[PDB]
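We begin with a single chain expressed as structure tokens, specifically the form deposited in one PDB entry.
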């Protein structure tokens, strides 16, 4: 069939990569980031490689409850369907059990975790219309001694893993797979001078294309019996 895919936070990085690969495979695209100008540029990049592409740009903050409803309202309007959802929202800033505070925790929780779930709620009832869907969640790693300053994000990642398992079960009947994809390392700040490459088995860091090759597959028709899964493109824990 000729599917429609909504890829969020795709102005660059992992989302941008998933966008191109998904375009590479003749998916109809609806794309999003906060920055209207950065996102436009991607559409131009995609149309350039593929002139006939159906790319839609809906700038906005997917962390915002209302921006969400509006985006989904639009897609339902301009597309009439939705097959694939790519939940891709960054977690909060790094923190420590010592350094953490509770105002921000709630924020972060709301910013990513709730966002993803609401987004699935909307995607799903759209998806349910055609008894088909592919939900891929960009999530990251737990558990282990943040330590990596990822205290709040790790507990969020856990909650998200749990929730997806649940959701996957509730939505399977409807031919909608729900899987989490945890990349490891790509393009995102942080602070020679860099032997983190030493600690990863493959001894290298991820690439958005590698991550995107995976998400593309999960998005495909042949991936119809794969749900409730948790798969890392991390080269090793």
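Residue numbers count along the first chain shown, from 1. By rigid core we mean the largest C-alpha set that fits within 1.5 Å across both forms.
Separately, the form deposited with a small molecule bound exists; it is not shown, and the next lines address it.
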In terms of non-hydrogen atoms within 4.5 angstroms, which of the given stretches 163 to 171, 122 to 130, 75 to 83, 109 to 117 touches the small molecule in the deposited bound form?
109 to 117
Is the small molecule in the deposited bound form near all of 101, 151 and 156, within 4.5 Å of a heavy atom of each?
no
Selected contact from 190, 66, 49, 203, since only one has a non-hydrogen atom within 4.5 angstroms of the small molecule in the deposited bound form:
190
Does residue 10 make contact with the small molecule in the deposited bound form, using a 4.5 Å heavy atom cut-off?
yes
Contact flag, residue 176 vs the small molecule in the deposited bound form, heavy atom cut 4.5 Å
no
Can you check whether residue 90 is within 4.5 Å of the small molecule in the deposited bound form, heavy atom basis?
yes
Please tell me whether any heavy atom belonging to residue 186 falls inside 4.5 Å of a heavy atom of the small molecule, as the geometry stands in the deposited bound form.
yes
Looking at 114, 161, 148, 105 between the shown form and the other one with the core superposed, the single C-alpha displaced by 2 Å or more is at 148
Cα of residue 202 displaced 2 Å or more between the shown form and the other one, core superposed?
no
Once both forms sit on the same rigid core, is the C-alpha displacement of residue 186 at or above 2 Å between the shown form and the other one?
yes
